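Residue numbers (the authors' numbering), protein chains in the order written: chain 5, 22 to 105, 132 to 199, 205 to 212, 235 to 303, 321 to 578, 587 to 694; chain 3, 19 to 52, 90 to 329, 338 to 583, 589 to 594, 648 to 739; chain 7, 5 to 30, 59 to 156.
Think of the CB as a built atom: it goes at the ideal place given N, C-alpha and C, for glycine as much as any other residue.
Structure first, commentary second.
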DNA sequence: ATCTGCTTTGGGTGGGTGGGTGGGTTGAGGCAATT
DNA sequence: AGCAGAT
Ligand SMILES: Nc1ncnc2c1ncn2[C@@H]1O[C@H](COP(=O)(O)OP(=O)(O)OP(=O)(O)O)[C@@H](O)[C@H]1O
Ligand SMILES: Nc1ncnc2c1ncn2[C@@H]1O[C@H](COP(=O)(O)OP(=O)(O)OP(=O)(O)O)[C@@H](O)[C@H]1O
Ligand SMILES: [Mg+2]
Ligand SMILES: [Mg+2]
Ligand SMILES: [Zn+2]
């Protein structure tokens, strides 16, 4: 009765909506059916413009009208693609105000809401039924049921004598769809005073599955509903749309999510003669000086290139950076910026961490009594960067639990039957203090550093930041900080965080330069000289150097060269990059070792 | 109606291709002569596609409606072939139809546990992964036969379940009939009833193929009858079966969730291993021709890890470890092991971990473990409960899973004493004794241990004695055949050579790729460096069909070397002991294996002596 | 409950079992002596040696009177043959040779009283 | 006297507004006190 | 299937 009229109304929107000379939804449908994507994304501002009455119904009773807009889409799709196809999914976009995760309460039950959060977990896909074929136990009578996944359905209780519940499902004739579960945590800043962050369970269907990964900020449009698991119901959100700032699909598979128009911008930016300067200036615009550390951070974000030799050996392609220095140097602020610019990043404190917190931990499911594996900081940061602050407060065991994941980029587990070798391809950016809090020049370098040579050799570049009291520099820093406190270039000398992050993603998924012979000869000669320099320094002092120079440093120089080449989308690394890489190595690691 | 037509169409297919008929006849003949081959046939999906496209498409997309007809046609053919004169009553009552198994090329149905979605339900798929669990084998009732004493006639009943057939039927509780239709007493005849085995395994996605920041997923599989014990945990398999769903999935009013999906799993048809290489006559002749060379040992050793510069002696030791020794157990009870254990201690960045990884990749069986990532229980075995039957059992650990293989332990010095005790016991006795949860047993763990450790101060110190440099107990140290101490000594020529080698290695580009391109099957049935595959074939051949025996000349060499080594003024990085004699004999035997010889000669003794002397006195 | 026609008849097998028990010899018949000992309360366990059954079968074949394969039938389905053999022994249990205190046994008195009650009921 | 109807084993195809003085018991990981 | 209740 009314259902047919509602279906007719939503069908006329898809067939009559033109903003100029193009039918936006009719053409979107045809283009989607051609690539086998049975869905239509509709913007709710367009529906409020066609007929406000249709929006009033879709917002007053969402779980009753949404199922009738899907069938209208399916009918129009059949009319457009078939010359005389499952039920089509409807994905919604809205610009309504976002309700804070913790402000959702009884006043929003069964209503369309928009909210943001952080995805902390994702489930293994399940299978939900969409068309059952049933039969009767006694008289063997065949029937079918059709189900929409919008709850306010079960097998018939009485046959069509036959006892109660006479119907058994015939599986080889039924059809199913995909279902996923997500946990959404509220943003750290939104949380009220003295409160732990709160979770919320979410479910997505069909083409909204496998769209997010744990640890990524997302925006959700859905229905705040309830399901019975006494007179209380556990709330949850039925997703109707997902929007994210991270192209997770490009990151897991190939290069994707870059439009040709967007791609053209990246090539134009790469063609800039002084992209290195722009990127260096774009990191921490509010921190004065420390240019070398900012260049090192650019190289770390860019990364090197990984090689798999024919015999099977793999060569690490990531760069690890350590910041040792005195208080007030802005190491923690640099780490907090790097966590915010990188596409994937985790900020962790060495004190509030553990060996299982990093890597992976073995957990027991209370229901199935079965042990399973949950990823830690280094798994949650896979393919990105881990910012381990307070690296000196970490316990010896928890620090030792990081060697293999830092070098081999794998997390071997052998616990509770579970036996595996996970993958953790992450870059470590660590900040630490010397033993006495300040780097005391009076005592030998072996007295100011408690890190063992094994852990230190795993860092590509080591920065020993010393705070020297110079009146000119002090006045400059005072002026800069006061300007910050009392007080937008965007004129080719700096790019916002979003653009820089997208450019990092593009470069990582598009380029992997290789060394030319001249660079190889140059780097090889430099390694021989540096090793001789360590030996002359060692012969002079009975004490064995605390900062080592092993083959890992040669590989680190190669990685820095490759990252500098990749920064400009150059398929080959030339001497103009080798010189910069050698300069950075001398400015950080040989500088630390010389003292 | 349609079923009979399809049975006729499949029967016409089996007639056109005679290989399946010949295989069935050979199976029946072998069974008649007799230990017993199962009633299974492997058909090529390519041949079916060439013969009748509709049948091939149906078997790939609607297996439920097309596989049972083919199985019935095959059974009818086999029955028409059968010529057994006298059938035993069990055979007459037996319910043993012929089962069908597939091979060939699955176009888009070749998937992995991560890519299996609801779109693939009720379809023939092939899945690849690691077997992580394996329930216990329990018989499953299918047919029961009874006897009515008064009436003097036998009756029978047929049972079906959701996992024993592809078409949905009414469930049959396992209650045995007790009274005849007319009220006669019925006595079950178990010897004539039909039970089949049943097992459930879990297949996990390969960890290295997983996405970024996601743990691998798994799927449940069912194997019945002759596919019951073809896999063990830690094996790489390719499973073919039908993807299904079971149960009511919350549609029954008892479950009030309303947000839980249906159960799903695969009924397997075939299992394909992915561990032993099949040797050809050409390969065997090439192996022999190479073995006749006088410098085969050097060639094979250098061929190991071509991208690691230097470390010749460690590579030789790794080769001898891959070959192994000869295991002897005496009548009295003494059980001498023929495995070689190796320990590497050295300064950071000396290629210890890369050598471990190469051994992991080359060896036929190898398990990877670290110091802080493992545990005492995770190395030996764990007590869990079986989901299928709810019975207490043991799950094999890293050491047990690597039986008759190799276990690579990285960061040997970062382990705990409690976890070190388990490895101490395993290396000392080569077995695992378990006393937990009312379980008493002894699992076999006969594996070679290759480990890498760091000195106490992170860098070997020449001044301090070896005891002060290594934190491991002396008792644990005495169980390693060869202790290699490697130091990073800065030199000009050596540094230039190593740097040039590394730079050359870093410039490799794999064929099929352009400069600046970052690095990323078709069927299921299926002084020159020696390639790794040929090295694997050589090792397999040599350690499979060579058992060298000692000879008086090697005996004199070994006794002279031991006598001189023990009472000599020069200090040793490890203390000489009677265990050194066993290590010498083991190394000589392994080198004899390398040459494909049935006897240990002077040359093998002289090679073992030189290797041990390098290990002990640099 | 459909039916099949298996190539086993339990009547010939029962006759064979009885003949084996009463006639087989390896003194008098071995199994009859064992039954005599069982009747006198001396023995409480009868063990059937399948070797003896095979020997009896082959002796019958040599005599020319071929019979059914008892050993294979027992091996293939053994639960039924326990009851069959027990019935055969029950039929051919010899009378005791040594007097025993029947009245001491509870079961003897109980069954005697049951017989008396049945006789009284029949007389009515 | 006949017809109508619920619930097990023990286990996650009942659960955590029923709990652990109603049983399902090893394995791992974090924390205080002990060192 | 055994036992607990309403007509
Ligand atoms: N250019 C700057 N240089 C140094 N500190 C700065 C600068 N700009 C701001 N700050 C201040 O630095 C403070 C942050 O501390 P910072 O990151 O310098 O410490 P740290 O040296 O890394 O740590 P710790 O003192 O524990 O060793 C903030 O108060 C920020 O206001
Ligand atoms: N001889 C060598 N030839 C080539 N590469 C080498 C060599 N020695 C070390 N390397 C390089 O060392 C890098 C890392 O060192 P590796 O992990 O193999 O050392 P390790 O002995 O296990 O060190 P650690 O004590 O830190 O665990 C590898 O990328 C490898 O390229
Ligand atoms: Mg700080
Ligand atoms: Mg290592
Ligand atoms: Zn009915």
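Kindly give me the distance between the Cβ atoms of residue i and residue j, rounded to whole angstroms, as I take these residues to be in contact under 8 Å.
i: residue 416 (chain 5); j: residue 557 (chain 5); result: 7 Å
i: residue 326 (chain 3); j: residue 404 (chain 3); result: Not really, about 34 Å apart at Cβ, beyond 8 Å.
i: residue 389 (chain 3); j: residue 507 (chain 5); result: With a Cβ gap of about 37 Å, residue 389 (chain 3) and residue 507 (chain 5) do not count as contacting.
i: residue 59 (chain 5); j: residue 156 (chain 5); result: Actually they do not touch by this definition, with Cβ atoms about 30 Å apart.
i: residue 492 (chain 5); j: residue 435 (chain 3); result: 4 Å
i: residue 517 (chain 5); j: residue 475 (chain 5); result: 6 Å
i: residue 521 (chain 5); j: residue 479 (chain 5); result: 5 Å
i: residue 126 (chain 3); j: residue 153 (chain 3); result: 6 Å
How many angstroms separate the CA atom of residue i from the CA atom of residue j?
i: residue 221 (chain 3); j: residue 70 (chain 7); result: 56 Å
i: residue 129 (chain 3); j: residue 204 (chain 3); result: 37 Å
i: residue 321 (chain 3); j: residue 195 (chain 5); result: 27 Å
i: residue 460 (chain 3); j: residue 483 (chain 3); result: 15 Å
i: residue 29 (chain 3); j: residue 593 (chain 3); result: 23 Å
i: residue 175 (chain 3); j: residue 138 (chain 3); result: 42 Å
i: residue 25 (chain 5); j: residue 137 (chain 5); result: 18 Å
i: residue 334 (chain 5); j: residue 35 (chain 3); result: 56 Å
So, does the CB of residue i fall closer than 8 Å to a CB anywhere in chain 5?
i: residue 445 (chain 3); result: yes
i: residue 162 (chain 3); result: no
i: residue 438 (chain 3); result: yes
i: residue 571 (chain 3); result: yes
i: residue 473 (chain 3); result: yes
i: residue 598 (chain 3); result: Absent here is residue 598 (chain 3), because the residues of chain 3 run from 594 on to 648 with nothing modelled in between.
i: residue 299 (chain 3); result: yes
i: residue 648 (chain 3); result: no
i: residue 165 (chain 3); result: no
Which residue comes first and which comes last in the beta strand (DSSP E) that contains residue i?
i: residue 173 (chain 5); result: 173-183
i: residue 26 (chain 5); result: Where residue 26 (chain 5) is concerned, there is no enclosing beta strand (DSSP E), although the alpha helix (DSSP H) it sits in stretches over 23-37.
i: residue 249 (chain 5); result: 241-259
Cβ of residue i less than 8 Å from any chain 3 Cβ?
i: residue 10 (chain 7); result: yes
i: residue 108 (chain 7); result: yes
i: residue 111 (chain 7); result: yes
i: residue 253 (chain 5); result: yes
i: residue 5 (chain 7); result: yes
Just curious, the alpha helix (DSSP H) that residue i is in, first and last residue?
i: residue 110 (chain 3); result: 108-116
i: residue 529 (chain 3); result: 529-532
i: residue 497 (chain 5); result: 494-498
Please check if any C-beta of chain 7 sits within less than 8 Å of the C-beta of residue i.
i: residue 147 (chain 3); result: yes
i: residue 140 (chain 3); result: no
i: residue 252 (chain 3); result: no
i: residue 235 (chain 3); result: yes
i: residue 214 (chain 3); result: no
i: residue 304 (chain 3); result: no
Worksheet entry | Nearest-residue set for ligand 7, Cβ under 6 Å from any heavy atom | Among the ligands in the structure shown, ligand 7 does not appear; only ligand 1, ligand 2, ligand 3, ligand 4 and ligand 5 can be found there.
Worksheet entry | In chain order, each alpha helix (DSSP H) run of at least 4 residues that lies wholly inside the region 681-705 of chain 3 | The qualifying runs do not exist here; there are none.
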